[PDB]
Structures are given as C-alpha cells and as structure tokens.
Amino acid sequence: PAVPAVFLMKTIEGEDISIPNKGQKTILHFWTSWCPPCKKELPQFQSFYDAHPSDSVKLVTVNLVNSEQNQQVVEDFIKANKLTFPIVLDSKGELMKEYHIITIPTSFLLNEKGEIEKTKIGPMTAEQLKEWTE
C-alpha cells in the first residue's frame, strides 16, 4: 500500500468501518456494478458473507463509485441485487490510490497491521474466500 494509513469509513448500510480492522484480519474487495467479472462474482461474496466462516476475519468491500454512472445507480444496484455485505464507496479515490488498483475485481487479505498477505486479481469463489479465512 502506498502509505501506512488506516481508513475510517461509513458503510453504505451506515456501519462504521476501518481498514484494516482493529485487532482483526481483513478481506478487502474492489468492484463496480457494470464490471462483467465483478457482477457474476458478487453472489460469491454474498454467499461467503451469509455463511460467516470466521469471527477473526472482516469483509470490507469497496465500490469504485467514480467509475460509475453516479452514486444513486450504485445505491439502486445494491438494493436490487440484495447485497448485504459491507460496502464502502471510494468517493475521494484514496482507496484505489492507496492499493494501486488498476484491475477489477481485486481482493486482498490484510493482517491486523494492514500488511498484504494475499492478493487476488480476477474473480474468486465463496470457497477461496473461506480458505483465506482458515
């Protein structure tokens, strides 16, 4: 990551989130609604989130809103697809900047110190997400 820094964000569902999470591991996921590989991968993150494999791993998800039509479109998309996992909007573009995001989907496994343990470019499965948890 470009700079050592933690992010204090309010989730789309109103929840107060950090990245990385206090004394906890983090799965960070980057996406847009129109991205074809992200679109078919989103159910994978919903499934994984619903199954809740780990208590020591936190899923935070980042929408690249500035790569979207607008924010309302994302809102509608999340609502229509019944996406319930934590979603953060990268409104200022600091997340994309800090993690040098050029490709989506991209997922990271961070430890409690914000260090990157795993990087995955391209789609994942609920099963690979669970493994990242083990």
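Counting begins at 1, following the sequence as shown.
Stretches 43-51 and 26-34 differ in mean C-alpha B factor, with the higher average recorded for 43-51.
For the pair 119-127 and 17-25, the mean B factor over Cα atoms is greater in 17-25. Taking the PDB entry at face value, the top CA B factor among 61, 103, 91, 67 belongs to 103. In the PDB entry, a CA B factor belonging to the highest third of its chain's modelled residues is recorded for residue 12.
Per-chain ranking of the deposited C-alpha B factor places residue 57 in the highest third.
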